Amino acid sequence: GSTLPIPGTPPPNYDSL
Amino acid sequence: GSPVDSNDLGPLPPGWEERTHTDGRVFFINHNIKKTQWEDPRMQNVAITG
């Protein structure tokens, strides 16, 4: 039940990578 | 088509990196101020100064 392909928030931050 | 250095960079811009998203789509990420983006920064260009 995803549907939403693009939420709006950018990819994973470098700090979290 | 039309081989020229009009709007081509190759391995992304300086300080940037091509990272693979959890969905498979490779996004762009800069190492200057640690900030990634879905859009293409190397593509959004059509002018310079020389």
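Observations on the model:
- GluC sites (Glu not before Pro) lying in DSSP loop within chain B, provided at most 10 other Cβ fall within 10 Å: B:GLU39
- With at most 14 other Cβ atoms within 10 Å, longest stretch of chain B clear of loop trypsin sites (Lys or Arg not before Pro) (DSSP): B:1-24
- Each of B:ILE48, A:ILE6, B:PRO11 was scored by the projection of its Cα onto the charge dipole of the protein assembly as shown, and the greatest displacement toward the positive side belongs to A:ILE6; charges sit on the C-beta of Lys, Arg, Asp and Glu.
- Given +1 at the Cβ of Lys and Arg, -1 at the Cβ of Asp and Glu and no other charges, the dipole of chain B around its Cα centre is 220 debye to the nearest 20.
- Charge dipole (Cα centre; +1 on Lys/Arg Cβ, -1 on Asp/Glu Cβ; no other charges) of the protein assembly as shown amounts to roughly 160 debye.
Bear in mind that the values in this text are calculations on the coordinates, not laboratory data. For neighbour counting, all protein chains shown are included, and Cβ atoms are generated from backbone atoms with ideal geometry for every residue, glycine included.
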